[PDB]
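Colleague: sequence below, structure please.
(2 chains, ligands or ions: 1)
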Amino acid sequence: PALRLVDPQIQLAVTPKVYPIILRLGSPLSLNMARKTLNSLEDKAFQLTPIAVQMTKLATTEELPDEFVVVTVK
Amino acid sequence: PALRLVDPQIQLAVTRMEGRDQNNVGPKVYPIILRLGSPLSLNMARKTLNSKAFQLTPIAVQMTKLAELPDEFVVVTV
Ligand SMILES: CCCCCCCCC
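Modeller: Numbers count the residues shown, from 1 in each chain, chains lettered A, B, ... in the order given. Next up is the structure itself:
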């Protein structure tokens, strides 16, 4: 269990207002940024450059912000 | 398993912030595509007074299965 906080560079936008992200990880998570910049003479492909997400196991509950979103993975 | 596109209701906001300090570009918002191996819940949380306690408001993510993908988007892989 052990709720972990996502670094402030990765936040959720809900419609807008942007919220910190808390993870209740039951399964590992991956994050890839996709862009259509693999360009041929007629087509274009997607390149998946993975994003490194710094996660911090929440030390004490009093570190939690006043409002945030919680992503729970079974 | 399969791929689901989350509507612009929910999107991921990435802030580079830097190798010069930008600090004025702010966040860049990308549509989310999910590669669910196991299901995902998303609850908004707000602090309610106890003294320690948070008011969890659920959020219905209306993900749509593709068979139409934008040029820029992130892929959440579980
Ligand atoms: C780094 C955690 C990303 C949060 C996943 C977004 C799920 C939206 C339904």
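Colleague: ok, the host helix or strand of residue A:56 near the ligand or not?
Modeller: Assessed by DSSP states H and E, residue A:56 sits inside strand A:55-57. No: using Cβ under 6 Å from any ligand atom, strand A:55-57 stays clear of the ligand, coming no nearer than 8.3 Å. (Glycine included, C-beta is placed from N, CA and C.)
Colleague: which helices and strands sit right next to that strand?
Modeller: Counting contacts by 3 or more Cβ pairs under 8 Å, 6 or more residues apart in numbering or on different chains; DSSP states H and E, strand A:55-57 packs against strand A:4-6.
Colleague: adjacent strands (with direction) for the strand it packs on?
Modeller: Here strand A:4-6 has these sheet partners by DSSP bridges: strand A:21-24 (antiparallel), strand A:55-57 (antiparallel).
Colleague: list the buried residues of the longest one.
Modeller: I take that to be strand A:21-24. A:21-23 (16 or more other Cβ atoms under 10 Å in any protein chain shown).
Colleague: before we move on, what about stretch A:22-38?
Modeller: Under the neighbour-count criterion of 16+ other Cβ under 10 Å, stretch A:22-38 has A:22-23, A:25, A:29, A:31-34 buried.
Colleague: can you list contacts of that stretch?
Modeller: A:1, A:3-6, A:10, A:44-51, A:53, A:55, A:58, A:64, A:68-74, B:14, B:30, B:33, B:35, B:37-38, B:45, B:71-78 (Cβ atoms under 8 Å, 6 or more residues apart in numbering or on different chains).
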